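Contents: one structure, followed by commentary.
Here is how names work: the chains are called A, B, and so on, in the same order as the sequence lines, proteins then strands, and each is numbered from 1.
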Amino acid sequence: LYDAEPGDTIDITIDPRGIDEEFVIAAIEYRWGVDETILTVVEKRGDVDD
Amino acid sequence: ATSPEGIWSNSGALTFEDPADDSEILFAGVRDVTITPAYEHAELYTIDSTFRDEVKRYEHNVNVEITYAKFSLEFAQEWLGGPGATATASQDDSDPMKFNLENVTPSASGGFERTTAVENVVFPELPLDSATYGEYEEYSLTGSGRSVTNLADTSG
Amino acid sequence: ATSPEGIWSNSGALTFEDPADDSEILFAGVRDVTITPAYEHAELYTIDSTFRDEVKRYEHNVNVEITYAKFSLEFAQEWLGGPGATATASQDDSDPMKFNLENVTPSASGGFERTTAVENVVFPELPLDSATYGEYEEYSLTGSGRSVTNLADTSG
Amino acid sequence: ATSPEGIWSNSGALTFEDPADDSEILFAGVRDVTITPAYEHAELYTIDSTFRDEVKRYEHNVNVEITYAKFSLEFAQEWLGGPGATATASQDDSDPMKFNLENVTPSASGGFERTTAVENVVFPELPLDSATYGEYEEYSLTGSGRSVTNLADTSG
Amino acid sequence: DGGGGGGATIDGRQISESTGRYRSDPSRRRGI
Amino acid sequence: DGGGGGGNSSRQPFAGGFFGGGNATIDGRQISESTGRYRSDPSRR
Amino acid sequence: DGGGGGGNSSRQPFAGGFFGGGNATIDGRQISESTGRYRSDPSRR
Amino acid sequence: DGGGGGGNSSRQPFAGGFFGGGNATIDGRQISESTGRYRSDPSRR
Amino acid sequence: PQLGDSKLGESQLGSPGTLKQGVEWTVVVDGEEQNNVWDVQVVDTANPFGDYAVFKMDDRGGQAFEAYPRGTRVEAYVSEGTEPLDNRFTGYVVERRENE
Amino acid sequence: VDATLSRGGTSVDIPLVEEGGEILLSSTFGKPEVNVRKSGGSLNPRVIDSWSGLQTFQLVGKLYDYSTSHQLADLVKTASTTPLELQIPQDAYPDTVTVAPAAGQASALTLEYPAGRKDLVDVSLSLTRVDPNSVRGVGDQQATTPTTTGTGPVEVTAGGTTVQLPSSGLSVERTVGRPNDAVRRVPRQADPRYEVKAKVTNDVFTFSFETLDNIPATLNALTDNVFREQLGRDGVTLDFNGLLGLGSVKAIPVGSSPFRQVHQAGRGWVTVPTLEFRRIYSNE
Amino acid sequence: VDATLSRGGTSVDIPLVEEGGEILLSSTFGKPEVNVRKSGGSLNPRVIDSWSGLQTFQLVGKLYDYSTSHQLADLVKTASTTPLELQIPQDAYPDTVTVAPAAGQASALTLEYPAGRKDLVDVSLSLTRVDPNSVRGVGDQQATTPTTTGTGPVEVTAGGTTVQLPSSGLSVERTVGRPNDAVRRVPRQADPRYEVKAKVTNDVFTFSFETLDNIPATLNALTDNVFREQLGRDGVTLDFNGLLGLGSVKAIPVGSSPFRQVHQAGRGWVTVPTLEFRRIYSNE
Amino acid sequence: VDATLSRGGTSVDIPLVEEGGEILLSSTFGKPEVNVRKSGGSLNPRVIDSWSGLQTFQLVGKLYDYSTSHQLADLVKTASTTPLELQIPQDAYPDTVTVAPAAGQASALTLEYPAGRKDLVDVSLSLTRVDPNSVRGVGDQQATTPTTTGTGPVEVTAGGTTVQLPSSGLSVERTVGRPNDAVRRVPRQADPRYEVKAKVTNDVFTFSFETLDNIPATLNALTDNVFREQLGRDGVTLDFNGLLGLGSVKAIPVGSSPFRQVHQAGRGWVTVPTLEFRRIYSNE
């Protein structure tokens with residue numbers, strides 16, 4: 001998903017999480033090394049920075 | 001079936017062949033010959049029972065041991081040379097010379113002629129010199145064949 | 001090839017040589033001599049069979065063992081001295097004396113003359129004194145050669 | 001060099017000395033004597049080859065074993081006492097009595113007089129009583145010296 | 001029978017200090 | 001039996017050394033999570 | 001001591017491995033506390 | 001060969017246990033850093 | 001082989017090489033590739049939150065630390081398999097840090 | 001007599017036979033969920049036992065055909081909410097216990113196909129006891145070991161190049177496990193709850209052999225194409241060509257020591273103590 | 001011959017004796033508190049040694065009665081500011097050293113009462129040297145081992161139900177330690193400071209036996225009432241009925257493997273390699 | 001016969017010989033940097049291989065000269081950006097490989113000078129393969145081993161007091177390594193990058209011996225002056241006095257178990273299994 005950006009939409013299916021859905025991407029994080037693309041979906045919230 | 005019968009050791013005729021040719025390797029003057037097909041037996045036992053449940057064969061070989069009193073330069077140089085070659089010196093290579101072996105014996109009152117044949121006999125060590133004061137040199141081989149290729153009555 | 005033939009122990013002539021010179025080291029009065037080239041055998045099996053798949057030679061050795069009844073100061077002092085030297089006392093060094101060895105034996109009916117030669121025989125221990133009441137001193141050497149350098153008919 | 005020659009066991013003359021004095025320790029009635037300098041041999045092989053590449057000496061000792069039939073109170077009380085002392089009872093200390101050993105033997109027809117000398121021979125165990133019905137008591141020592149100090153023709 | 005006989009403590013200060021670089025970061029990414 | 005004597009009472013403490021779980025603490029308090037999940041001895045191979 | 005060829009040569013690295021206690025770093029800096037408490041090896045059993 | 005064999009039979013799982021180095025997770029996510037530095041087994045001693 | 005390394009007809013054209021596989025990120029600093037990089041993290045996010053990237057590389061004698069003054073341009077390009085390089089992040093340095 | 005492991009209509013009998021006096025069945029019992037207090041002012045600690053306990057079964061036995069061995073591997077690896085029932089042929093145990101493959105373990109099952117033996121397979125199982133009414137889940141994934149009737153050499157294929165493993169000294173060890181299932185404590189059942197997950201399993205093939213001929217060509221063909229190249233998202237195609245009845249599997253070497261070349265003093269050949277491949281995603 | 005271990009009026013002599021050539025005394029010296037720098041621009045690190053060192057003793061010996069063994073256990077487990085003095089019968093050591101049980105260990109002392117060996121107890125002790133003037137604390141807690149004169153079987157009682165452990169192959173190992181004491185570095189002297197704590201100790205009984213008759217009944221009575229029930233804050237009553245002169249204690253099994261039932265090929269009975277109980281809150 | 005290890009003009013030949021059938025050369029291949037996914041909804045994991053692999057060599061052999069043994073120690077310990085080149089005398093390997101001392105190890109090289117065994121040194125090397133074009137660093141640090149022509153006893157000096165180690169049963173083991181170098185993964189390339197650091201190395205001397213006479217005086221002189229004193233920034237001075245050709249070195253004992261006294265049943269003397277010193281800062 002290097003072509004993907006925030007505000008784009010994507011199909012996600014996860015069993016046993018029970019979701020089979022189309023979501024807006026609120027953020028993407030790419031890791032090399034562990035080679036993970038991390039999608040934040042629907043909305044993003046902070047923590048102590050909020 | 002054929003009646004069991006005595007066998008007289010001195011009636012035996014042992015021969016060695018190169019498996020590349022089926023050509024005879026000169027060998028003579030044996031005194032003792034023992035050939036013994038063998039397997040490892042796993043003797044399996046179960047829970048609770050003290051009795052053996054099953055027994056299984058694995059890891060077959062044929063133990064061959066021969067004592068002989070006439071030295072053969074051909075046999076010794078074939079052993080040194082390894083497969084399909086002959087040498088006057090030790091060879092620094094990993095292939096042992098494999099001999100096909102056959103022994104033939106009449107039974108003691110002519111009931112049968114037992115032929116035993118063994119494939120790919122190899123010998124870990126070869127006695128070259130075996131001198132003892134006041135004795136003819138006596139040479140003992142120990143080795144292992146892959147399988148018995150024939151055990152039959154070869155009489156007419 | 002040459003017919004196999006009996007070999008008479010007392011017909012043998014054993015000799016030792018310094019590998020630095022090819023000079024003879026005086027040795028005599030043998031009673032027993034055994035020379036046995038050997039390898040370890042790796043009998044290798046396979047995934048789905050009880051039969052042997054392949055067999056391979058490794059770790060070559062020539063077992064030399066000699067029983068003899070005439071003492072040699074030269075042989076004993078060569079052994080003490082290590083390679084290329086003689087000594088009258090133990091030497092505190094890590095190089096053993098290496099002997100070249102040759103044994104020559106006629107066949108019992110003169111059919112061939114068998115020469116066996118062995119390189120770099122070493123003896124882990126040297127018997128100096130071997131006294132037994134009412135007997136001549138008799139000495140046993142056990143040692144290991146690197147390889148057989150020659151095994152041939154040396155007759156004309 | 002001197003021609004090899006037979007050695008008659010009964011021609012031998014064994015002696016023991018205290019290394020603190022060079023004084024003789026009374027010992028007699030020998031039946032057997034074996035003296036054998038030895039080393040551990042590290043027998044070394046390479047990656048590529050089935051042949052031995054090298055052989056090296058390490059831990060040196062001289063094996064001494066003696067069978068004898070005349071009991072000595074001095075030799076026994078020296079052994080009990082440890083170095084430079086003599087005792088009638090076992091001593092609870094870690095120092096073994098060290099004996100200098102020498103044996104002298106003419107060759108069987110006078111070619112040489114072989115002298116063997118060994119430093120710091122120690123015996124792990126001393127047979128005090130060795131009685132068998134209808135026999136004289138007979139004693140066997142096994143021990144280890146540090147080195148051969150002398151092996152020479154000591155004839156005139 | 002002789003054969004038979006032959007039968008983390010973690011410093012709260014140093015975590016709190018070493019993580020400081022990173023705890024403050026989201027707020028820096030957002031200015032203040 | 002000669003090899004088995006050394007072997008068995010080696011294979012036993014192999015499990016004793018290998019199977020010990022982590023138990024980290026900050027300032028006297030446990031920080032390892034008390035996840036109620038089991039683990040049991042691996043296949044003998 | 002009689003089976004020590006497999007025994008002693010194993011008993012020693014069992015102790016050596018057991019004293020391989022935990023240590024940890026964040027970003028090059030140590031986070032293991034310098035609690036000056038000793039451990040000494042347990043009973044041989 | 002009971003000593004030498006039992007030794008080699010032990011040396012392999014000693015190495016296997018030694019490569020069993022630490023890894024850690026908070027709430028299912030790894031906290032161990034993906035530092036791309038290699039380790040390889042030490043001299044045999 | 002490389003040009004002039006082999007005589008004509010002796011060896012087949014592309015050897016010893018083969019088609020690219022795996023994921024590669026290249027970091028570009030004022031138009032120059034940094035070549036000791038061993039990890040990359042890129043974050044792209046909706047407007048209440050900042051986009052950012054973190055790059056990790058080896059250095060010697062501070063020679064690479066000198067390449068990244070505050071405000072220096074950085075670009076991170078990604079390629080997977082044989083696909084073309086894609087400019088996935090562009091920004092400016094806000095912190096350079098070197099530590100043991 | 002014999003031990004049965006079964007799930008609905010699928011069943012395997014595991015002989016529970018061994019040489020001499022080896023351990024056939026070790027069952028362990030434990031309280032992993034007791035809270036023994038680490039401190040407090042008394043000489044001995046206060047305690048609380050308040051949860052289900054552990055019971056483990058370790059079964060050692062032999063199988064007399066490869067087909068049954070593959071059925072056992074598939075039976076263990078499968079994700080299903082249908083209870084896996086073990087029947088133990090010893091009076092100290094009930095006629096059936098419900099089990100999971102060992103609770104957190106990558107190696108719940110081991111199958112060894114040693115060199116020099118035919119129609120013998122060494123089996124080692126580790127199983128955790130679980131409550132029969134408390135097998136829970138949603139997903140369902142039948143595992144299948146590929147099978148074929150050939151007898152070609154084992155072949156490792158990568159980068160368009162195929163390497164035949166030597167027959168000489170060839171030995172196969174296969175391990176199987178379900179480390180992503182959860183076995184969980186329950187307040188006042190005796191046995192724990194079992195959460196079956198349609199998630200990644202462990203399935204590993206280990207080979208040992210000795211390369212006797214064409215040694216550089218054989219070892220270098222393997223190491224060049226498998227170890228020194230990057231394999232991307234794909235991996236080795238490991239094909240048994242019908243040895244042990246096995247077919248073709250996609251796999252990869254994993255970790256610091258999946259392959260080793262060993263050279264011994266005085267031996268004119270090379271030993272491979274391990275060549276180890278984990279099976280990868282190809283169940284599409 | 002004997003080492004003497006004593007605390008005020010209480011004293012125990014331990015024969016430093018063992019078979020053949022076994023280790024009787026191992027003394028280990030170390031510097032846990034040297035700082036060797038992990039990096040820096042030198043070829044060889046800078047260092048700083050600035051604290052008390054470590055000295056440890058392992059004593060192996062034998063005791064000739066059970067009464068002395070219980071005295072030794074009570075002496076080692078007891079909390080008191082009264083210095084525990086060790087006298088070593090060997091010239092490489094001073095006439096007395098002040099000691100703590102092994103500094104952080106659950107098993108400072110082990111006592112083994114093996115099958116066959118009447119009136120022999122194997123002792124293994126581990127002790128840390130401490131500064132004689134630097135034994136510090138507030139609370140005294142005299143430990144006690146309960147004793148009785150009976151000859152009955154070892155009994156495990158839980159849920160009103162009693163199991164008798166088989167006499168056949170019965171061996172006892174007891175281990176004792178004080179892991180909650182602190183042995184601490186001090187800057188100016190050779191030996192560390194010892195902080196004696198009136199806090200929880202370790203005290204464990206391990207049984208080993210072979211179950212020969214009434215095998216389901218015996219093992220099921222143990223596993224049902226101890227391992228499958230929840231024990232609450234009470235536990236097993238473990239009663240020696242006067243074997244080794246021991247009485248009765250409250251105890252519990254702890255952790256993943258405190259009990260194992262082992263079945264061997266060709267044997268008509270069950271081995272129990274271990275059955276472990278930790279002593280729990282009891283004193284008043 | 002020999003393997004050759006070299007650094008520009010400096011070169012050492014290591015015979016690669018051993019007794020009987022011992023391992024001379026192990027080469028291990030691996031993929032430390034594959035990402036096998038721990039979870040996901042497949043039966044078998046998705047994977048990605050995207051980085052350089054690992055290749056390691058363990059070499060075992062003997063040296064016939066102490067001088068060469070010191071050259072080998074200096075060669076391994078030295079920091080230089082000049083490639084360290086290994087030549088292996090077996091046809092599977094290329095004629096040269098570039099290497100680092102084992103990537104993260106305190107013990108990359110071990111030299112054993114056992115009792116007996118005049119002019120024999122056991123060598124064990126662990127080496128990691130690295131890319132020949134990818135050796136990087138600031139600058140060199142030539143390591144050296146002090147040498148002298150004497151024959152005196154090994155002397156340990158601290159607090160102005162010198163202690164001679166017994167000759168009886170004496171063995172020396174020296175270990176050397178470069179744990180502060182970095183061997184790093186690279187994309188799209190076979191072998192890792194090597195970062196040579198002008199930083200702290202590992203260099204340790206271990207002694208084993210038996211004290212036979214003046215036992216309290218010898219062991220107390222060692223323990224009082226080395227172990228029971230605080231040494232400060234300065235080390236012990238360890239002087240070989242020309243044994244093995246070695247000179248004088250500043251060093252310190254480190255950690256929990258650097259020294260042991262062992263007493264065995266029925267023996268009138270003390271064994272020292274290990275006395276272990278790490279070489280400290282001493283370069284100007």
Inset, instruction - Heavy-atom pairs under 4.5 Å with chain C are the metric here; pick the option from B:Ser72, B:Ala69, B:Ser94, B:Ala76 that has the most. - result: B:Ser94
Inset, instruction - List the steps, then state whether side chain to side chain contact (heavy atoms under 4.5 Å, CB included) holds for B:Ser144 with C:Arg52. - result: CA-CA 10 Å; B:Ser144 58; C:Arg52 197 181 67 199; 3.4 Å; yes
Inset, instruction - Against chain C, label B:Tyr139 side chain, backbone, both or neither, depending on which of its atoms sit under 4.5 Å from a heavy atom there. - result: side chain
Legend entry - Summary of side-chain hydrogen bond (donor to acceptor under 3.5 Å, both in side chains) pairs that have at least one residue in residues 73-85 of chain B, sequence neighbours excluded: B:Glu78-B:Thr86
Inset, instruction - Take C:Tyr45 and B:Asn61 through the side chain to side chain contact (heavy atoms under 4.5 Å, CB included) test and state the conclusion after the steps. - result: CA-CA 10 Å; C:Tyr45 291 78; B:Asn61 75 96; 3.9 Å; yes
Legend entry - B:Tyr58 OH: over 12 foreign heavy atoms closer than 6.0 Å: yes
Inset, instruction - Please flag which part of B:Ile25 lies under 4.5 Å from any non-hydrogen atom of chain C: side chain, backbone, both or neither. - result: neither
Inset, instruction - Answer yes or no: are there more than 12 heavy-atom neighbours, outside B:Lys70 itself, under 6.0 Å from its atom NZ? - result: no
Inset, instruction - Name the member of C:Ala1, C:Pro4, C:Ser3 that forms the most heavy-atom pairs with chain B at distances under 4.5 Å. - result: C:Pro4
Inset, instruction - Pick one of side chain, backbone, both or neither for C:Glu65, based on which atoms fall under 4.5 Å of a heavy atom in chain B. - result: neither
Inset, instruction - Taking atom CZ of B:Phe112 as the centre, report whether more than 12 heavy atoms of other residues, nucleotides or ligands fall under 6.0 Å from it. - result: yes
Inset, instruction - Sort C:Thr105 into side chain, backbone, both or neither according to what part of it lies under 4.5 angstrom from a heavy atom of chain B. - result: side chain
Legend entry - Residue, of B:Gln91, B:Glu40, B:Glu138, that accumulates the most heavy atom pairs under 4.5 Å with chain C: B:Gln91
Legend entry - chain B contact residues among residues 114-135 of chain C, heavy-atom distance under 4.5 Å: C:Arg114, C:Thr116
Legend entry - Inter-residue atom distance C:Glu5.CD - B:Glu137.CD, 0.5 Å rounding: 12.5 Å
Legend entry - When B:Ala89, B:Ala28, B:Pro96, B:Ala87 are compared by non-hydrogen pairs under 4.5 Å with chain C, the top option: B:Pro96
Inset, instruction - Name the member of C:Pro37, C:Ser49, C:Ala38 that forms the most heavy-atom pairs with chain B at distances under 4.5 Å. - result: C:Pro37
Legend entry - C:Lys56/B:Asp95 ion pair, N-O < 4.0 Å: yes
Inset, instruction - Name, in order of residue number, those residues of residues 146-156 of chain C that have a heavy atom at a distance of less than 4.5 Å from a heavy atom in chain B; otherwise write 'none'. - result: C:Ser147, C:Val148, C:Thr149, C:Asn150, C:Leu151, C:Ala152, C:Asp153
Inset, instruction - Using heavy atoms and a sub-4.5 Å threshold, report which of residues 8-23 of chain C line up against chain B, by residue number. - result: C:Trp8, C:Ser9, C:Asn10
